[PDB]
Amino acid sequence: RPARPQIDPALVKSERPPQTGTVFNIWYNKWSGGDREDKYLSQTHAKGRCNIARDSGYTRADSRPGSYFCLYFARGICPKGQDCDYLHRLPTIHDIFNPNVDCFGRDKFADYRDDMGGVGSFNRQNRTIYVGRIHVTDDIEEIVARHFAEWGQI
RNA sequence: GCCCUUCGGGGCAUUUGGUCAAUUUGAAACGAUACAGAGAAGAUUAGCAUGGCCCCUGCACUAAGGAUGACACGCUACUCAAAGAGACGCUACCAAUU
């Protein structure tokens, strides 16, 4: 099957972040003249999610050997569909990558970010993710097992 | 596509490239607010330096300035004795008012 579009470019137009400052800095593309606390607490919800059955399909990266997965397909915000140049698929066990890059083609680092976010490190072969800010109920183990079993092999 | 042909064939032209167009998690920085708060053995302070895993402004990486730009002010045995003079040191502990 062809890769379906997940959202549309009418809402994947490119535009500024909302104004949190006196003046927009065009070098760093950030707002200035404001505060620091706002940035710390602001962590919004994701604008999409992807489906293996509904969204994952074939593309020009399935045509081209030795290419990477689509990061925006992983985030569920890939409006490209079949015309994306990166795979719309979960990696299998036969999908291995060199230490210098990750599965999305982004370069890995010698270190970690000090909040352990981002791409990762080739100085540690880490296969363990850390999922915080979970609402504490009793079915949390069932919910985590279901969703991450949907996201891969554990 | 064009050209040539002796109608079999042959020629002309030949491998681009900038990680996607997507801003939370691969790195911008002030200001406001809070707080404190300026060297030289009394008080007040003109400065010029020194050293670099501290830099900023500047064309100056052969000016100048930035509080003399700041930092400096903790800590503190270790190449290490000798002479002569002592030692109930190294063991025991001991029998009359009238």
Side-chain angles (χ1 to χ4, degrees), chain A residues 1-52 54-91 95-135 140 143-144 147-148 150-152 154:
Chain A
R1 54 180 300 171
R4 85 172 198 91
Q6 298 174 319
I7 49 183
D8 52 351
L11 61 84
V12 195
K13 64 182 181 293
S14 65
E15 61 90 22
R16 288 181 179 183
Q19 173 159 354
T20 66
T22 300
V23 61
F24 186 75
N25 190 288
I26 70 170
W27 189 273
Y28 306 102
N29 288 114
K30 275 159 193 300
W31 285 95
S32 302
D35 223 77
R36 30 178 266 149
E37 308 310 299
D38 20 55
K39 328 266 127 284
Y40 305 150
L41 39 104
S42 67
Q43 286 266 351
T44 80
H45 198 268
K47 313 272 306 181
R49 196 191 277 224
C50 66
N51 207 313
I52 303 169
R54 304 193 320 240
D55 314 324
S56 84
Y58 292 164
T59 186
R60 316 154 53 89
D62 270 321
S63 291
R64 289 191 178 131
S67 58
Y68 304 119
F69 303 95
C70 179
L71 165 78
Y72 308 103
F73 171 84
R75 299 179 167 146
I77 47 180
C78 181
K80 294 186 285 183
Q82 208 175 357
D83 315 325
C84 168
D85 307 278
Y86 292 80
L87 282 73
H88 285 208
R89 190 181 60 82
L90 276 295
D95 279 313
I96 68 159
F97 290 94
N98 288 355
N100 55 293
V101 285
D102 79 325
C103 67
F104 301 120
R106 313 179 304 181
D107 291 331
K108 265 158 66 193
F109 295 79
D111 282 358
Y112 277 104
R113 272 181 63 92
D114 50 9
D115 58 346
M116 317 279 318
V119 191
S121 167
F122 49 72
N123 275 348
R124 211 182 81 208
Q125 193 189 350
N126 195 23
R127 311 156 316 143
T128 306
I129 68 169
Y130 152 84
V131 179
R133 270 91 169 269
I134 309 183
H135 197 257
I140 52 172
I143 295 164
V144 169
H147 285 107
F148 289 93
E150 285 186 346
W151 286 124
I154 296 91

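In the text below, chain A, chain B and the rest are named by the order of the sequence lines, each starting its count at 1. Keep in mind that the numbers below use all heavy atoms, side chains included, and drop hydrogens, waters and symmetry copies.
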Quiz prompt | Stacking status of neighbours B:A46 and B:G47 at 5.5 Å and 30° | solution = yes
Quiz item: Nearest nucleotide by nearest heavy atom, which residue falls closer to the 5' end of RNA chain B, A:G34 or A:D115?
Solution: A:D115
All N/O donor-acceptor pairs, side-chain side in residues 102-113 of chain A, below 3.5 Å, sequence neighbours left out:
unit_1	atom_1	unit_2	atom_2	d
A:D102	OD1	A:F104	N	3.2
A:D102	OD1	A:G105	N	3.2
A:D102	OD1	A:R106	N	2.8
A:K108	NZ	A:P99	O	3.2
A:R113	NE	A:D115	OD1	3.2

Quiz item: What is the base-pairing partner of B:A72, counting Watson-Crick and G-U wobble geometry with both distances under 3.5 Å?
Solution: B:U50
Quiz item: Does B:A70 have its sugar in the north or the south range once you look at the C1'-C2'-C3'-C4' torsion?
Solution: north
Quiz item: With both distances under 3.5 Å required, do B:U76 and B:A63 pair Watson-Crick or G-U wobble?
Solution: no
Quiz item: Starting at CD1 of A:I26 and ending at P of B:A29, how long is that distance when rounded to a whole Å?
Solution: 18 Å
Exercise. Considering only atom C1', compute the distance from B:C75 to B:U44 and round it to an integer number of Å.
Key: 33 Å
Practice problem: Please say whether more than 12 non-hydrogen atoms of neighbouring residues, nucleotides or ligands are located less than 6.0 Å from CD in A:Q125. | Solution: no
Self-check item: By side chain to side chain contact (heavy atoms under 4.5 Å, CB included) - contacts of A:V23 (at least two apart)
Solution: A:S32
Quiz prompt | Base-pairing assignment for B:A82 (Watson-Crick or G-U wobble, both under 3.5 Å) | solution = none
Self-check item: Distance in angstrom units between A:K108 NZ and B:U25 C1', rounded
Solution: 16 Å
Quiz item: North or south: which describes the sugar of B:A63, going by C1'-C2'-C3'-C4'?
Solution: north
Self-check item: Separation of B:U25 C1' from A:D114 CG (nearest whole Å)
Solution: 11 Å
Exercise. Taking atom P in both B:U50 and B:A64, compute the distance separating them and give it to the nearest angstrom.
Key: 11 Å
Exercise. Look through every strand shown and name the nucleotide pairing with B:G1 as Watson-Crick or G-U wobble, where both distances are under 3.5 Å.
Key: B:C12
Quiz item: CZ of A:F122 versus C1' of B:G26: gap in Å, rounded?
Solution: 13 Å
Quiz item: What's the CD-P distance between A:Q43 and B:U24, to the nearest Å?
Solution: 9 Å
Self-check item: P-based separation of B:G39 from B:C71 [nearest Å]
Solution: 9 Å
Quiz item: Expressed as a whole number of Å, how far does the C1' atom of B:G58 sit from that of B:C53?
Solution: 25 Å
Quiz item: Is it true that the neighbouring bases B:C56 and B:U57 have six-membered rings whose centres sit under 5.5 Å apart and whose planes meet at under 30°?
Solution: yes
Quiz prompt | For atom OH of A:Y40 and atom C1' of B:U24, their distance in whole Å | solution = 15 Å
Practice problem: Kindly indicate whether the side chain of A:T44 and the base of B:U24 share any N or O donor-acceptor pair separated by less than 3.5 Å? | Solution: yes
Quiz item: Below 4.5 Å, heavy atoms only, C-beta onward: do A:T59 and A:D83 meet side chain to side chain?
Solution: no
If you look only at distance, which donor and acceptor atoms sit under 3.5 Å apart when one is on a side chain in residues 4-12 of chain A and the other is two or more places apart or in another chain?
unit_1	atom_1	unit_2	atom_2	d
A:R4	NE	A:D55	OD1	2.4
A:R4	NH2	A:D55	OD1	3.0
A:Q6	OE1	A:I77	N	3.3
A:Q6	OE1	A:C78	N	2.8

Quiz item: How far apart are the closest heavy atoms of A:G57 and A:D62, and which atoms are they?
Solution: O-OD2, 3.4 Å
Practice problem: Mind checking A:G21 for me? I need base, sugar-phosphate or nothing, with any heavy atom below 4.0 Å counting as a touch. | Solution: nothing
Quiz prompt | Results of ring pair (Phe, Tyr, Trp, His ring centres under 6.0 Å) for A:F73 - residues two or more places apart only | solution = A:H88
Quiz prompt | B:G69 and B:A70 stacked at 5.5 Å and 30° limits | solution = yes
Self-check item: Integer angstrom distance from the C1' of B:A92 to that of B:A96
Solution: 26 Å
Quiz prompt | Pucker family that the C1'-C2'-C3'-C4' torsion assigns to B:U76 | solution = south
Practice problem: Rounded off to whole Å, could you give me the CG-to-P distance for the A:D38 and B:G31 pair? | Solution: 17 Å
Quiz item: Syn or anti for B:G9, with syn set at within 90° of 0?
Solution: anti
Quiz item: Parallel, tilted or perpendicular: which fits the ring planes of A:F97 and A:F69, with parallel below 30° and perpendicular above 60°?
Solution: perpendicular
Quiz item: What is the pairing partner of B:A22, taking Watson-Crick or G-U wobble pairs with both distances under 3.5 Å in any strand?
Solution: none
Practice problem: Tell me whether B:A36 and B:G37 stack, counting them as stacked only when the base ring centres are under 5.5 Å apart and the planes differ by under 30°. | Solution: yes
Quiz item: Where do A:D85 and A:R64 come nearest, in terms of heavy atoms and distance?
Solution: OD1-NH1, 3.4 Å
Quiz prompt | Whole-angstrom distance between B:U45 and B:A70, as gauged at atom P | solution = 15 Å
Quiz item: Would you call B:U25 and B:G26 stacked when the test is ring centres under 5.5 Å and planes under 30°?
Solution: no
Quiz item: Any idea if B:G8 is syn or anti, going by the 90°-from-0 cut?
Solution: syn
Quiz item: Is B:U62 in the syn range, within 90° of 0, or in the anti range?
Solution: anti
Quiz item: Does B:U45 carry a north or a south sugar when the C1'-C2'-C3'-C4' torsion is used to decide?
Solution: south
Quiz item: Distance between the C1' atoms of B:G65 and B:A46, in whole angstroms?
Solution: 16 Å
Practice problem: List in chain and number order the residues that pass ring pair (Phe, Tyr, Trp, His ring centres under 6.0 Å) with A:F122, two or more places apart in sequence or in another chain; answer none if no residue qualifies. | Solution: none
Quiz item: When you compare B:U57 with B:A27, how far apart are their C1' atoms, in angstrom units rounded to a whole number?
Solution: 26 Å
Exercise. Would you please determine if the base of B:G26 is stacked by A:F109, with stacking meaning a centroid separation under 5.5 angstrom and planes under 30 degrees?
Key: yes
Which protein N or O atoms sit under 3.5 Å from an N or O of nucleotides 19-23 of chain B?
unit_1	atom_1	unit_2	atom_2	d
B:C20	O2	A:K80	NZ	3.3
B:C20	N3	A:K80	NZ	2.4
B:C20	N4	A:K80	NZ	3.4
B:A22	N6	A:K80	NZ	3.0
B:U23	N3	A:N29	O	3.1

Quiz prompt | Sugar geometry class by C1'-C2'-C3'-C4' for B:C7 | solution = south
